[PDB]
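Quick notes on the structure that follows.
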Amino acid sequence: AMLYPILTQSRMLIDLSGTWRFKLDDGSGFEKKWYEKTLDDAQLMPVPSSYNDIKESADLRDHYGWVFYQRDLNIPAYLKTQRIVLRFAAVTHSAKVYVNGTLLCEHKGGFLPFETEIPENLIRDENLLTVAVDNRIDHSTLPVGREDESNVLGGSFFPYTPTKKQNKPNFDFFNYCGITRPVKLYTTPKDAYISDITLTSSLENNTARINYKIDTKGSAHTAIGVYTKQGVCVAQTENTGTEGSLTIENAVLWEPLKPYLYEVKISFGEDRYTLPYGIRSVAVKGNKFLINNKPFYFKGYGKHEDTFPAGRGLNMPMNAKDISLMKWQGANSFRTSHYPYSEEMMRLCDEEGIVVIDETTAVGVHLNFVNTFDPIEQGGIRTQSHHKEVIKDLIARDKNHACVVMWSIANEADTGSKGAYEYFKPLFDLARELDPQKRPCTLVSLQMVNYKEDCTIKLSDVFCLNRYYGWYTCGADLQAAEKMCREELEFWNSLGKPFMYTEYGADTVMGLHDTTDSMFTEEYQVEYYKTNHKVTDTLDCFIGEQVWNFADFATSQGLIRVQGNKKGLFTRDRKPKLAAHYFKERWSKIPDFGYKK
Amino acid sequence: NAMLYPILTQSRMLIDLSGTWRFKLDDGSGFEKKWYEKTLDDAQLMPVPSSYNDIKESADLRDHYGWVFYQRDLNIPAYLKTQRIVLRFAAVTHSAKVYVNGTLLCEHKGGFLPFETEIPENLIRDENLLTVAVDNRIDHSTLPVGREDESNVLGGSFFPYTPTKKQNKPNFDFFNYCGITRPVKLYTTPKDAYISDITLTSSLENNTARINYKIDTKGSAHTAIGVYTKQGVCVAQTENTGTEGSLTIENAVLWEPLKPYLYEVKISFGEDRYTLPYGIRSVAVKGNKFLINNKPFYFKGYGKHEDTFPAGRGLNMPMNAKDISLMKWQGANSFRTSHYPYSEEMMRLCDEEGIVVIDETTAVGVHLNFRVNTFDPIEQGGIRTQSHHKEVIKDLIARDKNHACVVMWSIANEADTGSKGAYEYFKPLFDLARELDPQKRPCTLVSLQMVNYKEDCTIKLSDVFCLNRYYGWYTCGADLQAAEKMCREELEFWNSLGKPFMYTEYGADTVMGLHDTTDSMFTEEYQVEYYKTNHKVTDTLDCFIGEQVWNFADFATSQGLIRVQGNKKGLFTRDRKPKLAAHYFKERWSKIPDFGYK
Ligand SMILES: [Cl-]
Ligand SMILES: [Cl-]
Ligand SMILES: [Cl-]
Ligand SMILES: [Cl-]
């Protein structure tokens, strides 16, 4: 259970972000127990931020292993009358958290929150908070790191021996690590408090019924009230226990680009918590993706959390800039490729009416780009257990978001190979079991020669395809790209279920131009997209287009990465390429609902 | 006036109120209709802290004239009422009205320095609204100055036209970024006895390092002070002490440029607890030398701006750290807070990192003639800024007095200091700065390039002459031989005065990616040749003790025919990428020591 920490009449909220001490592990930090004392001979690092790009050091950017963050934590003893909690919104990839040299918690998974109470007895007059952060990835982590597998995107013409041991990402984006999202101290009443809130809605005529389950610790009485934005109470139930329901007459529905959030206020004993909440329905019916019973057409992007110089770190001005650009362009949606995004972004999307495909950290689950899904004993991928935990934690965090309409279980896994169905079926079953709203589930399909053998066909409610007709195949032959595109997409269209692009694009360096089709130029990016839409616009089961990518982003180094991935419609500093203007024109003429009715 | 930086302590809560706020442009009725009394209706959302101008894609918002309203809910525990509850605004640009529920709590003028107000506990209901109205308007009474009838010298048209809407008329180059620029926080102290200010100075005579302290308090209680090394070893302490005293620091390590050392000075008063980082060092001007720890310093660095995309002037902690890392990579040791006080987070980071700072007021644009003279009597049209200028000096020194990194106060940038009345305007301000700084640091004003440079009143006022000169850009453009000759003729006059002088600005607009082997303005090669030409002169002058370029990085400005999407004089681009000249300076500054160059 991970409610977003907020300031309330029963809950303090103390941000610990700022300038922290920082030290690379030299192989002796745990042996010499650096967490027991002030870090010596240390640097300074902003928190929240990825650490890789803050300095000018390749040894720091390309570090392998642990680093140690630390700050002083001097708090009033009178907080000891309350329950005291340290919340880590995200520490990438793995964390060990120490207060005064006592290990308080550990966490695996770099993109979801975790928390620990501080035992009263540990809090001295002066305290040290130390966070050790591990950046290493392998066959057991999500995202996956290679072990003996070859570098496909960053391969040399002639092999060489690396100077130092390094991570081997099985994914494109740069392995930004550190204290990615805010660290905060918060409090709740000690004896009785709210641990979780679950809300589902049903629309009977113009009356919404909101079913609630309020999970609590301790013995007290539970109450719930639903308020309009302007502050009018529209439903209230007292002494309701855990489960109940209530109704809102003439409810205002949350719609894409037309958001409406009620405020759901909960009391339990002395505890107070307010959750914003939008009322909307999601259903797949035939080849339609229905939001509030209307056939939606996705217009948008796969994104990354990527800005300079914080890397993956929470950047709230850029989040607001990015949503503004989305509305400027006529987009209505994006996918959280390839990890859960910050709660601050997710809550902002609820407020702004941006639809979200919420995706796990499960990218790189692919050992043949020994079978990927062989038994662990025979060398198969070792991620399924953690994959289950990620699904649990992602849905627990994001279940109440109106903006989340579909779960993406994995990106570009080896879904055309033997054992893939056996790996994924329990994960799809888990997502359907745990999501109270029973939203659609998908996996994001890698381009593959044997596409009819993609186990997505047996599992997903929507088929989500990553396809690069005119880039990774048919480059500079867009007539051949159109023919190859049509041949495959007519197969998917024949299945009668909704399908969409979750990735399609062409690397494009701003400022490169040619009137005559030429890879990496701004004009070719436009022609690539025109060619694909010639096909997709004729297919009635094709219900959405999300480009790769919203913006240029950092990646590992190699011969096909021109200082990162250049498939953005915008540059890394959010400037529009020619194709950004193309999509503004195109999306201006396509309705959010009823394009393919 | 006293403004200790808010920190989390054993006696003090610190609750950051930054985040997503509601935001509404005023339409002329916001105060008449009392928008602050209810939830903002039909509002937008805006991140705090940030400038509001670049977050959306709206020219009407970017170029808005007048007021905007920010608002958020403020639901806090009633048990905080056993403490003193304070709302701290680190900066609201330019002027602010702060309401809790329907009640005006405070008003502030001055967009770049903090202000705070206690929240009366009777005002705190079960649910509260916090509304902040923010005014962006500038004129002859604000710092920075807005033009009234004066014409646009950097953005003039060939043919006059009537603007569609009334707009601000900046009398300064940089863009008029406004909004809640820096964090808003709630903090608490004990009610009955608390620390209001701490003043520390250093004494280094007789081979003995001592810290002198003055602790200002409210209420009645006992005072204690201890000084601690980085590793937490107490090196001096006393309990039940006076408000003023001194502590000897045995084995004292001095704060040095690029070799910082900060002690932790821990103070208690009653139940209140506060910790101040502090670097021990001396600053003095003697003859033609700028002495830090009695050694002859050479400034290497930049005039900066607080400018990043998309937050504008807003606090950007990752980029602050990036910028310091780039300065150290380049071999710089210093910068100037052009043209306004910077965030406390930046200043405290400079103390931690060993970056020397020239700390400048908001007084840019004090110039009505770039016929009424700038410093004519107010009643005949002269500039109306002197009263606020005094307040800014008091507030700046009160905020930054304890920083080792601050070695000089800059009283104003490019004022009309060659005109009649300038000395009379500035003498009380130099006197005030010298009276109020407990460390009595050097004072300067930053000198506009002017034909009659020998009449610059800086000569009668300043401890260091700080010159903005553009030999090879705004004069002698594409004639660097003439630039060298003109530069030498004037800088030999300054050298003949025998006092320390330096460049605080010099540079050439440079669009990254434009090149020519043959001297051509706006190319990366010309930027290098411009600097080579200037250094041919400055390296021969024994009283020239510092070079700060204009600018660290490209930054946003008002629109016009000589601003190629902002000011392009950065050594780095706005996204902090090095131009050819940034590599030139890395090589040059690598060969110039911080001490003993001249
Ligand atoms: Cl990627
Ligand atoms: Cl790609
Ligand atoms: Cl400027
Ligand atoms: Cl300039």
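The numbers here are math on the coordinates, done by the rules we state, and not lab data. No Cβ is skipped: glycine too gets one built from the backbone with ideal geometry, and neighbour counts run over all protein chains shown.
Scan segment A:457-478 for residues that are assigned to a loop (DSSP other than H, G, I, E, B) and within 13 Å of ligand 2 (Cβ to nearest atom) and jot them down.
Of all residues in segment A:457-478, those assigned to a loop (DSSP other than H, G, I, E, B) come to A:460-462, A:467-468, A:470-472, A:474-477.
Hits for segment A:457-478 are A:467, A:468, A:470, A:471, A:472, A:475.
Please indicate, with yes or no, whether at least one residue in segment A:355-368 is more than 25 Å from residue A:554 (Cα to Cα) and assigned to a loop (DSSP other than H, G, I, E, B).
No, every residue in segment A:355-368 fails to be more than 25 Å from residue A:554 (Cα to Cα) and assigned to a loop (DSSP other than H, G, I, E, B).
Yes/no per residue for (1) part of a strand (DSSP E or B); (2) buried (at least 22 other Cβ atoms within 10 Å of the Cβ); (3) in contact with a strand residue (DSSP E or B) (Cβ under 7 Å, 6 or more places away or on another chain):
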{"residue": "B:266", "(1), (2), (3)": "yes, no, yes"}
{"residue": "B:284", "(1), (2), (3)": "yes, no, yes"}
{"residue": "B:301", "(1), (2), (3)": "yes, yes, yes"}
{"residue": "B:305", "(1), (2), (3)": "no, yes, yes"}
{"residue": "B:310", "(1), (2), (3)": "no, yes, no"}
{"residue": "B:314", "(1), (2), (3)": "no, yes, no"}
{"residue": "B:319", "(1), (2), (3)": "no, yes, yes"}
{"residue": "B:328", "(1), (2), (3)": "no, no, no"}
{"residue": "B:335", "(1), (2), (3)": "yes, yes, yes"}
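Contact list please: Cβ distance under 6 Å, first residue in segment A:107-128 and under 18 Å from residue A:3 (Cα atoms) and more than 14 Å from every other protein chain (Cβ to nearest Cβ), second residue β-branched (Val, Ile, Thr) and part of a loop (DSSP other than H, G, I, E, B), pairs at least six apart or on different chains.
What qualifies is A:111/A:361.
Within the group B:526, B:530, which residue is within 13 Å of ligand 4 (Cβ to nearest atom) and over 25 Å from residue B:152 (Cβ atoms)? Please lay out each step first, then the result.
Details: B:526 fails: within 13 Å of ligand 4 (Cβ to nearest atom).
Criteria check complete, one pass: B:530.
Please state which of the following conditions residue A:220 fails to meet, knowing it meets all the rest: (1) touching a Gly at 6+ places or on another chain (Cβ under 6 Å); (2) in a strand (DSSP E or B).
Every listed condition holds for residue A:220 apart from (2).
Pairs, please: C-beta under 7 Å, at least 6 apart or cross-chain, first residue closer than 12 Å to residue A:588 by Cα and in segment A:322-338, second more than 16 Å from ligand 2 (Cβ to nearest atom) and of a type in the set (S, T, N, Q)?
A:330/A:588
Does residue A:154 qualify as being at positive phi and not aromatic (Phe, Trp, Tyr)?
On the way: at positive phi: no; not aromatic (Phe, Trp, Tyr): yes.
Judged against the criteria, residue A:154 is not a match.
Could you pull out the residue among B:512, B:502, B:486 that is away from ligand 1 (no atom under 16 Å from the Cβ) and either part of a loop (DSSP other than H, G, I, E, B) or closer than 30 Å to residue B:63 by Cβ (or both)? Let's see the steps before the verdict.
Details: B:502 fails: either part of a loop (DSSP other than H, G, I, E, B) or closer than 30 Å to residue B:63 by Cβ (or both); B:486 fails: either part of a loop (DSSP other than H, G, I, E, B) or closer than 30 Å to residue B:63 by Cβ (or both).
The unique qualifying residue is B:512.
Does residue B:494 satisfy being within 28 Å of the chain's Cα centre (by Cα), more than 16 Å from ligand 3 (Cβ to nearest atom), of a type in the set (A, V, I, L, M, F, W, C) and crowded, with 20+ Cβ neighbours inside 10 Å?
Numbers: within 28 Å of the chain's Cα centre (by Cα): yes; more than 16 Å from ligand 3 (Cβ to nearest atom): yes; of a type in the set (A, V, I, L, M, F, W, C): yes; crowded, with 20+ Cβ neighbours inside 10 Å: yes.
Spelling it out, residue B:494 is indeed within 28 Å of the chain's Cα centre (by Cα), more than 16 Å from ligand 3 (Cβ to nearest atom), of a type in the set (A, V, I, L, M, F, W, C) and crowded, with 20+ Cβ neighbours inside 10 Å.
Can you find, within segment B:565-585, the residue that is nearest to the other protein chains (Cβ to nearest Cβ) among those that are away from ligand 4 (no atom under 12 Å from the Cβ) and in a loop (DSSP other than H, G, I, E, B)? Outline the logic, then answer.
Initial filter on segment B:565-585 (away from ligand 4 (no atom under 12 Å from the Cβ)): B:565, B:571-585.
Subset that is in a loop (DSSP other than H, G, I, E, B): B:565, B:571, B:573-577, B:579.
Details: B:565: 11, B:571: 14, B:573: 9, B:574: 7, B:575: 5, B:576: 7, B:577: 9, B:579: 16 Å.
Per the criteria, the residue is B:575.
Pull up segment B:413-427, narrow it to residues that are at negative phi and outside any helix (DSSP H, G or I), then point me to the one that is nearest to the chain's Cα centre (by Cα). Before the answer, list the steps.
The first filter runs over segment B:413-427 and keeps only residues at negative phi, leaving B:413, B:415-420, B:422-427.
Keeping just the survivors that are outside any helix (DSSP H, G or I) gives B:413, B:415-420.
Numbers: B:413: 12, B:415: 17, B:416: 20, B:417: 21, B:418: 24, B:419: 26, B:420: 28 Å.
Among them, the one singled out is B:413.
I'd like to verify a number: residues in segment B:120-136 that are over 30 Å from residue B:567 (Cβ atoms) and either over 28 Å from the mean Cα position of the chain (by Cα) or among the polar types (S, T, N, Q) (or both), how many?
11
Would you confirm, using the coordinates I've provided, whether residue B:385 is over 30 Å from residue B:199 (Cα atoms) and either within 16 Å of ligand 4 (Cβ to nearest atom) or surrounded by 23 or more Cβ atoms within 10 Å (Cβ to Cβ) (or both)?
Working: over 30 Å from residue B:199 (Cα atoms): no; either within 16 Å of ligand 4 (Cβ to nearest atom) or surrounded by 23 or more Cβ atoms within 10 Å (Cβ to Cβ) (or both): yes.
Spelling it out, it is not the case that residue B:385 is over 30 Å from residue B:199 (Cα atoms) and either within 16 Å of ligand 4 (Cβ to nearest atom) or surrounded by 23 or more Cβ atoms within 10 Å (Cβ to Cβ) (or both).
Identify all residues within segment B:372-405 that are over 17 Å from residue B:361 (Cα atoms) and assigned to a loop (DSSP other than H, G, I, E, B); write none if there are none.
Across segment B:372-405, the qualifying residues are B:372, B:373, B:374, B:375, B:376, B:377, B:381, B:382, B:404.
May I ask you to list the residues in segment B:91-106 that are part of a loop (DSSP other than H, G, I, E, B) and either in contact with a strand residue (DSSP E or B) (Cβ under 8 Å, 6 or more places away or on another chain) or within 14 Å of chain A (Cβ to nearest Cβ) (or both)? Lay out the reasoning, then the answer.
Filtering segment B:91-106 down to residues part of a loop (DSSP other than H, G, I, E, B) leaves B:91-92, B:94, B:101-102.
Within segment B:91-106, B:92, B:94, B:101 qualify.
Residue by residue, here is whether (1) polar (S, T, N, Q); (2) touching a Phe, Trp or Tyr at 6+ places or on another chain (Cβ under 9 Å); (3) within 16 Å of ligand 3 (Cβ to nearest atom) holds:
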| site | (1), (2), (3) |
| --- | --- |
| B:533 | yes, yes, no |
| B:548 | yes, yes, yes |
| B:568 | no, yes, yes |
| B:571 | no, yes, yes |
| B:585 | no, yes, no |
| B:589 | no, no, no |
| B:598 | no, yes, no |
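Take the residues in segment B:1-45 that are in contact with a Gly (Cβ under 9 Å, 6 or more places away or on another chain) and facing chain A (nearest Cβ under 7 Å); name whichever of them is surrounded by the most Cβ atoms within 10 Å (Cβ to Cβ).
Here the residue is B:11.
Could you say whether any residue in segment A:241-263 is more than 14 Å from chain B (Cβ to nearest Cβ), within 20 Å of the chain's Cα centre (by Cα) and part of a loop (DSSP other than H, G, I, E, B)?
There is at least one residue in segment A:241-263 that is more than 14 Å from chain B (Cβ to nearest Cβ), within 20 Å of the chain's Cα centre (by Cα) and part of a loop (DSSP other than H, G, I, E, B).
One line per residue, one yes/no per condition, for (1) assigned to a loop (DSSP other than H, G, I, E, B); (2) under 20 Å from the mean Cα position of the chain (by Cα); (3) more than 16 Å from ligand 4 (Cβ to nearest atom):
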| residue | (1), (2), (3) |
| --- | --- |
| B:138 | yes, yes, yes |
| B:150 | yes, no, yes |
| B:153 | yes, no, no |
| B:162 | yes, no, yes |
| B:167 | yes, no, yes |
| B:176 | yes, yes, yes |
| B:191 | yes, no, yes |
| B:195 | no, no, yes |
| B:199 | no, no, yes |
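Checking residue A:387 against (1) under 27 Å from residue B:56 (Cα atoms); (2) in contact with a helix residue (DSSP H, G or I) (Cβ under 7 Å, 6 or more places away or on another chain); (3) of a type outside the set (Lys, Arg), only one condition comes out false. Which one?
(1)
Condition test on residue A:536, is it more than 16 Å from ligand 4 (Cβ to nearest atom) and closer than 30 Å to residue A:137 by Cβ?
On the way: more than 16 Å from ligand 4 (Cβ to nearest atom): yes; closer than 30 Å to residue A:137 by Cβ: no.
So residue A:536 fails the test.
May I ask you to list the residues in segment A:542-564 that are in a loop (DSSP other than H, G, I, E, B) and either crowded, with 21+ Cβ neighbours inside 10 Å or of a type in the set (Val, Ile, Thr) (or both)?
Within segment A:542-564, the first condition is being in a loop (DSSP other than H, G, I, E, B), and the residues that meet it are A:549-550, A:552, A:554, A:556-564.
Hits for segment A:542-564 are A:549, A:550, A:552, A:554, A:560, A:562.
Okay, residues lined up against (1) more than 12 Å from chain A (Cβ to nearest Cβ); (2) under 23 Å from residue B:89 (Cβ atoms); (3) of a type in the set (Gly, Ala, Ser):
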position: B:323; (1), (2), (3): no, no, no
position: B:334; (1), (2), (3): yes, no, yes
position: B:339; (1), (2), (3): yes, yes, no
position: B:342; (1), (2), (3): yes, yes, no
position: B:354; (1), (2), (3): no, no, yes
position: B:357; (1), (2), (3): yes, yes, no
position: B:361; (1), (2), (3): yes, yes, no
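I need every pair where a residue in segment B:465-477 that is more than 14 Å from chain A (Cβ to nearest Cβ) has its Cβ under 6 Å from the Cβ of a residue that is away from ligand 2 (no atom under 16 Å from the Cβ) and of a type in the set (D, E, K, R), sequence separation at least 6 or different chains.
If the second residue must be away from ligand 2 (no atom under 16 Å from the Cβ) and of a type in the set (D, E, K, R), the pairs left are B:468/B:505.
Looking only at segment B:46-90, count how many residues are over 30 Å from residue A:271 (Cα atoms), away from chain A (no Cβ under 12 Å) and crowded, with 22+ Cβ neighbours inside 10 Å.
Residues flagged as over 30 Å from residue A:271 (Cα atoms), away from chain A (no Cβ under 12 Å) and crowded, with 22+ Cβ neighbours inside 10 Å within segment B:46-90 amount to 3.
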